[PDB]
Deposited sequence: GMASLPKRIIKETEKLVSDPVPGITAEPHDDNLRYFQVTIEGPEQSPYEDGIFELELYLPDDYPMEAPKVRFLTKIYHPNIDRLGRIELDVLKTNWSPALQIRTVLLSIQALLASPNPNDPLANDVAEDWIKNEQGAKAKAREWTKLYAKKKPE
């Protein structure tokens, strides 16, 4: 019946105290957010701004926020449907964490692709053995799909 005070407080901090490089705004329903993350400087994603959707389930904060890239990205730990492989969005999520924590983790993942992760997707071998080609493809997909800075 009433929107939880915790969601109201987190939203207020996201809009009034943004994480550097990250924007997060409600899409009047405070369970749906439009997020942007700047491609980290000196990463292959540096010339783009990536768009993401974030949803707070009815059982938030016991249930993790659901986050997905809208922007198609070439990365070993994010699939071609924009699903993010992070422990902080799965088994390490707890109510002691916040939305800003997940967003900081996703930004850090863009700066630190980990093709050795046992869950890394099928671009990982190219990333490890043909790093120049893989980074060029990540830069190309930034150009094709991301918003420009």
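- No C-alpha positions are given for the deposited-sequence stretches 1 to 2, 30, 153 to 154.
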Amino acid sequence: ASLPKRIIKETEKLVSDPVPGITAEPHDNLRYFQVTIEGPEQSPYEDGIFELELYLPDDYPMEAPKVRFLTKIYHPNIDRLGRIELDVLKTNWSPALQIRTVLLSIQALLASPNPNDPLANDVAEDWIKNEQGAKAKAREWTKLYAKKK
From here on, numbers count along this sequence of modelled residues.
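- Mean C-alpha B-factor is higher over 11 to 19 than over the other stretch, the pair under comparison being 11 to 19 and 123 to 131.
- Averaged over CA atoms, B-factors in the entry run higher in 85 to 93 than in the other of 50 to 58 and 85 to 93.
- Note on the listed residues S112, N29, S105, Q34: the highest Cα temperature factor in the record is that of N29.
- For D117, the recorded CA temperature factor ranks within the middle third of the chain's modelled residues.
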